[PDB]
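Beneath this line is the structure, given in structure tokens, with notes to follow.
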Amino acid sequence: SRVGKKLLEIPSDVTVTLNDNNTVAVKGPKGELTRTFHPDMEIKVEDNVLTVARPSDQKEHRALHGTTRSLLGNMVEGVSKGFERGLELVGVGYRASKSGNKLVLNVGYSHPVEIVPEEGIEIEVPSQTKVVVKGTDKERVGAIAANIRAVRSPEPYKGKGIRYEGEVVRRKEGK
Amino acid sequence: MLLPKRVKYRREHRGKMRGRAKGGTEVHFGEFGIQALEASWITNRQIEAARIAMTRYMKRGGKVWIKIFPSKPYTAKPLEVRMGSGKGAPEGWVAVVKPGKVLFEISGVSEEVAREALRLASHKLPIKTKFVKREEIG
Amino acid sequence: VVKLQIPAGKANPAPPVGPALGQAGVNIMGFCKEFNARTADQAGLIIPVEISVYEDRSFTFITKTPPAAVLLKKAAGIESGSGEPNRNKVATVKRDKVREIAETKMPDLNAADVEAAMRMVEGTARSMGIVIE
Amino acid sequence: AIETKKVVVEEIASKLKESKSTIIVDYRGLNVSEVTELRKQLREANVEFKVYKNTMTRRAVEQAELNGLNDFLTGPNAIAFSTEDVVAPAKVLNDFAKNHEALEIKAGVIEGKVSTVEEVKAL
Amino acid sequence: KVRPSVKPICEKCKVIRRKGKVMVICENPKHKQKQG
RNA sequence: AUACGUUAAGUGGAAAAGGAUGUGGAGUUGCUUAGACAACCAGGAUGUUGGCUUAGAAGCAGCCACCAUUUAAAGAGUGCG
């Protein structure tokens, strides 16, 4: 019935520092993160279990308390399993291939398209259709996924450019 | 569209509204009825605008009730005419209205349809209004 | 699986069957003899037939009874029912006559019991406006 | 809550006279798959068989408190209880087993129910 | 569209205030609305 | 300044019909550890589109008698089709 009261197990190996005030430097094989935390929140570390508690039932605190747990769960999973977001290109002549760390995109614009990933992020291209942006940061992987989407806004009339897998673009009837 | 067959005088004083309604505050002829929160003049055309809105949405159903028959003329001097030089002429008619009065009534209608017919009437009427039901202590 | 109302007495021309089952990979020449076989017992009637589609292009078919409530017009003795059922009780039928009708519909009906098969037909007789007596 | 008592008291009346029963998982419970079982009930008997998926631990397990005290282990996750009235046991243990083997709903590897004081292995 | 009296049009519509301005959002683009 | 609160927009320091999961109080009521709202995994009715119809349109031209059974459950129909 509530969000932040729920326990979060650590599968391991993920250590969690408790440095003030308040910075949480999660660490592990995949990477590290330091989410900002205002003092009113109270993070505690049970053995292999992160915990969060609400100072009061006030409505402002009710909103912030449910966010802090969801972020920490996003943090640990990126330090372990990691994250990725597919992108289904659709069309005829559309294609994509890397040139160094940079990701060239042969979008239908006459101007060539290029996007540079930020550090800690890589973009493999297993196929010309699919696109995969691996990364330990959900906020960043979803941001890069948006920036790539920005190159081509989807057309309701026809499947073209970037498209989430899977998602149903609204059908339209031309004439 | 409702006008008197005859009136004793062609014109009358505009008057001064104040206080609770003299009567008719309690709906009973109909299962439900609109009740004004304040008091303001209502032209005859405004009344016709409300009843037409209900007859369409109600479709088949019980007869619309109208507790209020207009009787007080509103004077309307012709445009650009200078002040004084006689009183103007009654362009139309306006019913006196008091707060808490039952402006309209409806009966024999299902509870869902009744909520809407009272609502559309509320928009045609400048006065703020509220949902009302019959009391039976009783 | 594509259901169709192939006539019992005939099965060969393209426009009733043809491409519509021919795109299913069905071998039309080999089954038309089968439609004329078992359905010969009820010739002159339009018999619906379910058609399952196996991956191996093997096929097995299941014939069905002629459509319900058409029989009700016969038991009533009237060619057509009221356009205003219950409000206009044009016809009446005995409960025992309904028993003769429900038994014919048994292979088509999914009804668990003959007593339940009665109640199924009773909902059809009311559609005609016919009184149940 | 009076309606819930009808859910309880009636099913207990069957279990007091019950002979045999079998575990059935509710996952992927297609309606067509149910009809294939329901037609089998029409052969074995009529309305006497019961499908009732009232399988809450707070529900059916309380019915098991009087008799059949082996349902406590089978209680977690989806269940589809069955009850017999008359009908000498035989095919009922066998018919459902044949269905799950040909797709259509996981059998749960037959957790088993009352017969003696045992669980697994339909006969 | 922008109207002072934004209202839901269909069940899919949802009322969500944003930046001090109430906005109704729906799977159908036409039903999207903002007051003020 | 003291004490109990309220307000977040600069309202305070500019109006209205109307609109809104803004927020603080009060009351009434449905369901609810013989199980609630969220879900995530299950299935969607059987004769049947059923009567009257429009070329045909079967959950749906629309007007309706809109029936009873299979039952853990489902309207001969909530909806996008």
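Quick note on naming: the chains in the structure tokens go A, B, ... in the order shown, residues restart at 1 in each chain, and ligands are numbered from 1 in order of appearance.
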Once DSSP has gone over the backbone, tell me which residues of chain B are in strand (DSSP E), as a ChimeraX atom specification. /B:35-36,42-43,72-76,89-95,129-130
Write the selection just made, keeping N, CA and C atoms, as a PDB file, in the first residue's frame?
ATOM      1  N   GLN B  35     -32.368  25.279  -7.405  1.00  0.00           N
ATOM      2  CA  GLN B  35     -32.555  26.292  -6.368  1.00  0.00           C
ATOM      3  C   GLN B  35     -31.461  27.356  -6.425  1.00  0.00           C
ATOM      4  N   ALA B  36     -31.862  28.597  -6.685  1.00  0.00           N
ATOM      5  CA  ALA B  36     -30.922  29.709  -6.794  1.00  0.00           C
ATOM      6  C   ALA B  36     -30.217  29.997  -5.472  1.00  0.00           C
ATOM      7  N   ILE B  42     -34.211  37.818 -14.424  1.00  0.00           N
ATOM      8  CA  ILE B  42     -34.216  36.814 -15.480  1.00  0.00           C
ATOM      9  C   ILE B  42     -35.202  37.188 -16.585  1.00  0.00           C
ATOM     10  N   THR B  43     -34.673  37.475 -17.771  1.00  0.00           N
ATOM     11  CA  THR B  43     -35.503  37.812 -18.924  1.00  0.00           C
ATOM     12  C   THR B  43     -36.244  36.577 -19.425  1.00  0.00           C
ATOM     13  N   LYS B  72     -42.919  41.205 -14.122  1.00  0.00           N
ATOM     14  CA  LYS B  72     -42.381  42.559 -14.033  1.00  0.00           C
ATOM     15  C   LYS B  72     -41.631  42.967 -15.299  1.00  0.00           C
ATOM     16  N   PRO B  73     -42.161  43.975 -16.007  1.00  0.00           N
ATOM     17  CA  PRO B  73     -41.544  44.531 -17.216  1.00  0.00           C
ATOM     18  C   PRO B  73     -40.206  45.208 -16.935  1.00  0.00           C
ATOM     19  N   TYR B  74     -39.276  45.146 -17.883  1.00  0.00           N
ATOM     20  CA  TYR B  74     -38.060  45.944 -17.782  1.00  0.00           C
ATOM     21  C   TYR B  74     -38.099  47.050 -18.830  1.00  0.00           C
ATOM     22  N   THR B  75     -37.985  48.289 -18.367  1.00  0.00           N
ATOM     23  CA  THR B  75     -38.046  49.448 -19.247  1.00  0.00           C
ATOM     24  C   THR B  75     -36.835  49.478 -20.176  1.00  0.00           C
ATOM     25  N   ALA B  76     -37.049  49.890 -21.422  1.00  0.00           N
ATOM     26  CA  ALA B  76     -35.963  49.977 -22.392  1.00  0.00           C
ATOM     27  C   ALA B  76     -36.094  51.220 -23.265  1.00  0.00           C
ATOM     28  N   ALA B  89     -40.134  52.213 -22.838  1.00  0.00           N
ATOM     29  CA  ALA B  89     -41.164  51.212 -23.088  1.00  0.00           C
ATOM     30  C   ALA B  89     -40.680  49.812 -22.717  1.00  0.00           C
ATOM     31  N   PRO B  90     -41.614  48.929 -22.322  1.00  0.00           N
ATOM     32  CA  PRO B  90     -41.277  47.555 -21.933  1.00  0.00           C
ATOM     33  C   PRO B  90     -40.918  46.666 -23.121  1.00  0.00           C
ATOM     34  N   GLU B  91     -39.622  46.490 -23.359  1.00  0.00           N
ATOM     35  CA  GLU B  91     -39.144  45.637 -24.442  1.00  0.00           C
ATOM     36  C   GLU B  91     -39.490  44.170 -24.192  1.00  0.00           C
ATOM     37  N   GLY B  92     -39.620  43.805 -22.920  1.00  0.00           N
ATOM     38  CA  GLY B  92     -39.904  42.432 -22.545  1.00  0.00           C
ATOM     39  C   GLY B  92     -40.357  42.302 -21.104  1.00  0.00           C
ATOM     40  N   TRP B  93     -40.187  41.112 -20.537  1.00  0.00           N
ATOM     41  CA  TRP B  93     -40.661  40.838 -19.184  1.00  0.00           C
ATOM     42  C   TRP B  93     -39.608  40.099 -18.360  1.00  0.00           C
ATOM     43  N   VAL B  94     -39.568  40.385 -17.061  1.00  0.00           N
ATOM     44  CA  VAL B  94     -38.630  39.731 -16.150  1.00  0.00           C
ATOM     45  C   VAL B  94     -39.295  39.311 -14.844  1.00  0.00           C
ATOM     46  N   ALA B  95     -39.193  38.027 -14.521  1.00  0.00           N
ATOM     47  CA  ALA B  95     -39.679  37.517 -13.243  1.00  0.00           C
ATOM     48  C   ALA B  95     -38.811  37.975 -12.073  1.00  0.00           C
ATOM     49  N   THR B 129     -26.394  27.990  -8.731  1.00  0.00           N
ATOM     50  CA  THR B 129     -27.455  27.088  -8.282  1.00  0.00           C
ATOM     51  C   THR B 129     -26.898  25.767  -7.754  1.00  0.00           C
ATOM     52  N   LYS B 130     -27.743  25.002  -7.067  1.00  0.00           N
ATOM     53  CA  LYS B 130     -27.319  23.739  -6.467  1.00  0.00           C
ATOM     54  C   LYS B 130     -28.389  22.651  -6.568  1.00  0.00           C
TER      55      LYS B 130
END
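All chain F residues having an atom within 10 Å of chain C, based on only C-alpha atoms (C1' of nucleotides), amount to residues 46, 47, 48, 50, 51, 52, 63, 64, 65, 66, 67, 68, 69 and 70 of chain F.
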Considering only C-alpha atoms (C1' of nucleotides), give me a table of residues in chain E that are at most 7 Å from chain F, with the closest atom pair and distance in Å for each, as a tab-separated table.
residue	atom	partner	partner_atom	distance
E:4	CA	F:19	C1'	6.7
E:5	CA	F:19	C1'	4.1
E:6	CA	F:19	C1'	6.0
Please produce a file of the residues just selected, as a tab-separated table (two decimals), in the first residue's frame, where the atoms kept are N, CA, C and O atoms.
chain	number	residue	atom	x	y	z
E	4	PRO	N	-10.09	28.03	-20.81
E	4	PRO	CA	-10.22	28.25	-19.36
E	4	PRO	C	-10.91	27.10	-18.62
E	4	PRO	O	-10.58	26.84	-17.47
E	5	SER	N	-11.85	26.43	-19.28
E	5	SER	CA	-12.60	25.36	-18.63
E	5	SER	C	-12.26	23.99	-19.21
E	5	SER	O	-13.11	23.35	-19.84
E	6	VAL	N	-11.02	23.55	-19.03
E	6	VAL	CA	-10.61	22.24	-19.51
E	6	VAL	C	-11.40	21.13	-18.83
E	6	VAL	O	-11.55	21.12	-17.61
Please provide the set of residues having any atom within 7 Å of residue 99 (chain B), restricted to only C-alpha atoms (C1' of nucleotides), with same-chain residues fewer than 3 positions apart removed, written as a PyMOL selection string. chain B and resi 20-21+36-39
Dump N, CA, C and O atoms for the selected residues as a tab-separated table (two decimals), in the first residue's frame?
chain	number	residue	atom	x	y	z
B	20	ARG	N	-34.68	36.58	2.30
B	20	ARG	CA	-35.09	35.24	1.88
B	20	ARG	C	-36.41	35.30	1.10
B	20	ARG	O	-37.20	36.22	1.29
B	21	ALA	N	-36.62	34.32	0.23
B	21	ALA	CA	-37.82	34.27	-0.60
B	21	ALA	C	-39.09	34.17	0.24
B	21	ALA	O	-39.11	33.51	1.28
B	36	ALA	N	-31.86	28.60	-6.68
B	36	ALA	CA	-30.92	29.71	-6.79
B	36	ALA	C	-30.22	30.00	-5.47
B	36	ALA	O	-30.83	29.93	-4.40
B	37	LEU	N	-28.93	30.32	-5.55
B	37	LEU	CA	-28.15	30.68	-4.37
B	37	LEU	C	-28.24	32.19	-4.10
B	37	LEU	O	-28.14	32.63	-2.96
B	38	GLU	N	-28.42	32.96	-5.17
B	38	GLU	CA	-28.54	34.41	-5.05
B	38	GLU	C	-29.81	34.91	-5.73
B	38	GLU	O	-30.72	34.13	-6.02
B	39	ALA	N	-29.87	36.21	-5.99
B	39	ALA	CA	-31.02	36.81	-6.65
B	39	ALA	C	-30.59	37.76	-7.76
B	39	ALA	O	-29.71	38.60	-7.57
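You will find CA of residue 34 (chain A) at 20.8 Å from CA of residue 63 (chain A).
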Set the distance at 7 Å and use only C-alpha atoms (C1' of nucleotides): which residues neighbour region 25-38 of chain C once local chain neighbours fewer than 4 positions away are removed? I'd like the list as number ranges by chain. C: 8-12, 21, 57
Within 10 Å of residue 3 (chain E) using only C-alpha atoms (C1' of nucleotides), minus same-chain residues under 6 positions, as a list in words: residues 33, 34, 35 and 36 of chain E; 19 of chain F
Do you know which residues are at most 8 Å from residue 80 (chain A) counting only C-alpha atoms (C1' of nucleotides), after dropping those on the same chain fewer than 2 positions away, and could you put them as a CSV table (one decimal) with C-alpha atoms, in the first residue's frame?
chain,number,residue,atom,x,y,z
A,12,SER,CA,25.8,-8.6,-4.1
A,14,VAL,CA,27.3,-4.2,-3.7
A,28,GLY,CA,30.7,-2.3,-7.6
A,29,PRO,CA,32.1,-4.0,-10.7
A,30,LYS,CA,30.0,-2.1,-13.2
A,76,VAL,CA,22.0,-1.0,-7.3
A,77,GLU,CA,20.7,-2.7,-10.4
A,78,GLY,CA,22.9,-0.6,-12.7
A,82,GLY,CA,23.0,-2.9,-15.9
